[PDB]
Structure formats: structure tokens, C-alpha cells
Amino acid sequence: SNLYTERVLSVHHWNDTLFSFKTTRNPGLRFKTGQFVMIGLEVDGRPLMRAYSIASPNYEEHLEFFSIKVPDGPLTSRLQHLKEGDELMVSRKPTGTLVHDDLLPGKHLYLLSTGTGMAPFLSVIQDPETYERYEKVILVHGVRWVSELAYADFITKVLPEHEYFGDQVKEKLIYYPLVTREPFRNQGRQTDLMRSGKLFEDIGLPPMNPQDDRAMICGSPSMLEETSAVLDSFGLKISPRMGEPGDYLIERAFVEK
């Protein structure tokens, strides 16, 4: 059918509610950094499909997904059991609002995420175009528990040594993990820390302004609303719709069903 059937190459569990996996990628699946695609499994005679951000670089011939594990979630109660060699259905045309083209030129790119909302941003931080367009890239990953800080080693130790753009990562990428419920070097919610100015002080950058700062926001619908309001308070204006460049972009990491 119009769905690709890919094969699982590797799986890694981060904790009780998070895991990632890599699959083969059909050469016909083209995507812009930041986009999502429908993926799923055949259940009771029908594909059980859900939107997933593509977490792998768009120039590499494989796909990677960073996923939640919902106890009785229709798709993830099954997806959590993926093993090497298993089949995964993937749709043909990715889409989404978190693309480079919809941000006006600027100096800093803030990637504001909570939970699995960091997924599209994993693609962004591995995209040479990101470093071509910005002086600084700030990946904020807000979670509740330290164990939810998936990809910590990749972001802080592996990516900076990248053979082709590791030096750009060292010079430009700032990683600001945040944890609310356990002791952690950076405590709190990113929205609160931005409103007080503490987030910027911690990372060594000036407060945001509409001329220099751009952002992509990915988290729960409530998180998007609250974070959008914070950026609006600094004078930034959201892209009004896909295709119309603005100061920041937003996309729901999931929906409360």
C-alpha cells in the first residue's frame, strides 16, 4: 500500500516511559529537518498509525524515533516491544511546522522542548544548515525526572566530536537540560526561568529580542500556550501559518486524548 514497511535496526530504552529506535529508510522518503511522519503497526487488520517527529538527520539513510511508552496506549503498548528485525509502517509524505524556512533570519535559535518534544530537535542539532544560519543554538530539554534526560551522552559527548561539524557544535550548541522533581544542576520550568531572566543568565546569552532571537517550541498543548506567551512578552511574533516566516514556530509534541 501507500505505506512503506521499514525494518528495525536497533532499539534503546532510556527509562520506564522512554525509548528510541532506528529503522531502515526508503530513498523515496524525503523530509525537511523538523518534520514528522505517520508510523505504526498492523493491528487487528488495520494499521494503527500515529504522528512521530523524525529524530534522525535528513541526509542519513535510516530513520530514528524517540518515543513515549504509554501503559495502555494503543500504539505504544505494542511499540515498546520492538526488536531488531521487526516491521514498522511509515507514511510517504512528511509534513510539519518546525522547519528552517519559516524562521526569519536571526542570530540565536532556541529549541524549547519538554519530554519527547525534543525529538524533532535531535534532527535540528545534527543539521549543518542549523549551524549555517545561527551564531548560537540553544537546546532546552525540560523534564520531571533526571532519567528522562534521554540522549544526554550523545548531545554532550558524541555530537561535539562529529567528524564534519563537531567544531560547529562545540562553538555554537548550548545544552540546557532542566529537571523539576529531583536534585539537578538546572532546576525548574523553562517558562519560569525565561520570565525571570535566569535561563539566559545561566547560559551566558542576553535577554531575547525580536531582532536577534528565533525559536521552535515543541511540548504539550499547555506548554505551547505558556511558552508562546513568554516569547510574546519579549516582542517575538509567531509565524502565522506554515509557509509564512516569523520569529518562532510551534508544534504539539502530543495531544491529550
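Sequential numbering from 1, following the sequence displayed.
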{"property": "Mean C-alpha B-factor comparison - 14 to 22 and 238 to 246, higher one", "result": "238 to 246"}
{"property": "40 to 48 versus 214 to 222 - which carries the larger mean C-alpha B factor in the record", "result": "40 to 48"}
{"property": "Candidate residues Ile68, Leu199, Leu29, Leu231, the one whose C-alpha B factor the record puts highest", "result": "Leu199"}
{"property": "Highest recorded Cα temperature factor - choice among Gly142, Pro160, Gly117, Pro74", "result": "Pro160"}
{"property": "Within-chain third of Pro183 by Cα B-factor, per the entry", "result": "highest"}
{"property": "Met208 CA temperature factor, ranked by third within the chain", "result": "middle"}
{"property": "Record-listed C-alpha B factor of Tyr134: chain third", "result": "middle"}
{"property": "Chain-wide C-alpha B factor ranking for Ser91, given as lowest, middle or highest third", "result": "middle"}
{"property": "Lowest, middle or highest third - CA B-factor, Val99", "result": "middle"}
